[PDB]
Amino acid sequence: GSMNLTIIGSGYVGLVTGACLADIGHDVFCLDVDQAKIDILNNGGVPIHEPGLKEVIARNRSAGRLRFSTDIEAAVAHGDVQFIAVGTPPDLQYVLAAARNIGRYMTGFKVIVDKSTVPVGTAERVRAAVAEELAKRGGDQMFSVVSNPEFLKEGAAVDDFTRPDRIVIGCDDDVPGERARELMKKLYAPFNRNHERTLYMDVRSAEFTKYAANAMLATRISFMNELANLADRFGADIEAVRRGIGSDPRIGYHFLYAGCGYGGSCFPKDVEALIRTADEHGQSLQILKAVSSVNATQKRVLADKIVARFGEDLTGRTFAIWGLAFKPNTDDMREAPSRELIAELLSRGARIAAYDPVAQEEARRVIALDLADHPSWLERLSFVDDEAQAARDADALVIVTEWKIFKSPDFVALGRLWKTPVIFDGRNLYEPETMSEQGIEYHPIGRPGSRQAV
């Protein structure tokens, strides 16, 4: 039943993977070279915004199934299966360094699992690195490198790990590959007690799958954003079109919400990576280039509409911003559309009052960096603790991230605060007709505006 596992990288993917595998009964050693992070974890803290994770870590540490250490040798000796879950910042040196440490110390068969999102062909480089360490030692030790990508969503990662749609395992079919596949089967057995959730394939195809999946999700979004722009010209309603096409089971209903673009640390990075490596291989990915181009423009749509409505010089104007994080339920600001919007508005002289239920501190940090070259613009940026207060004296309210708290606001209270009842909605939260009936000039994406907007 229970196996000795090591997770390399105490980051987000690594922590959730390690904690949840400990939670099904495996004995897990989480390695990170950063003593500070390890210290934080061993003092019962959690460096990430991840519901349920602290309590999973806590109960498994107490049960003796989860340990946090910087001790590389102890990590190699512990784990029969070694998950490489280290970052790949804008660079594979860390996954390759992890691989070399396994090769330099291992004394028996190892399954090395590439769990971090890595380019196709990485498993072969990991294999070469481990092999060369073994050749220095003269040892006969055998091993196999497996690709097992992550499909977690920030802020929902514990549930996504615990009830996955599928588990993708790319393995070789030679003798060590089959030995590794058997160990992976045993490792994930508790997830396969009902429907089979594991999908086995070759290593290169598993590596490609992760990029292809995110690329298709991004493609759905940019597809709808281009059609939203066309709906405006046609006098059509993209939300009606969304239900109209999503109701074909071959299309499906999810990931078709037009709005102010996709952000995060996944889609832009994985789409761009796939475009770049295809180009390096002599192929221009026409659809993915278009998807990326559409998204770049779409992240400017809110400010463009604001300029169309109010003029190029926004000095003397105030805008309330609802939503900062790149999506609901996280404090993550990476590639957040709010950052592009706020920079654009500040550059034109506007004042900005911003609200987000959880992301205020991170937004303050990163926007101060974004606009470090314009300290005077930052003097016009404030953050408020209550959503309605952002609207005080505002010429318009701008919705960027569809946090639930924004879905049924107190428009009466808003009416007593704002200068003019104007809403630009990058996430289509409200019915236009309802906004009309409430005296709000409503500017959604791809839908007829309220009558005041027209």
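Residues carry their position along the shown sequence, with the first being 1.
- Coordinates are absent for 4 to 9 residues of the deposited sequence placed between residue 90 and residue 91.
- For the segment pair 45 to 53 and 66 to 74, the entry gives 45 to 53 the higher mean B-factor, averaged over Cα atoms.
- Remark: stretch with higher mean C-alpha B factor among 27 to 35 and 390 to 398 is 27 to 35.
- Between the residues 272, 379, 248, 226, it is 379 that shows the highest Cα B-factor in the PDB record.
- Looking only at 221, 126, 321, 86, the residue with the top Cα B factor in the deposited structure is 86.
- Residue 137 sits in the highest third of its chain by CA B factor, as recorded in the PDB entry.
- In the deposited entry, the Cα temperature factor of residue 452 places it in the highest third of its chain's modelled residues.
- Annotation for residue 420: CA B-factor lies in the middle third of the chain's modelled residues.
- Among all modelled residues in this chain, the alpha-carbon of residue 2 has a temperature factor (C-alpha) in the highest third.
- Per the PDB record, residue ranking by Cα B-factor puts residue 326 in the lowest third of the chain.
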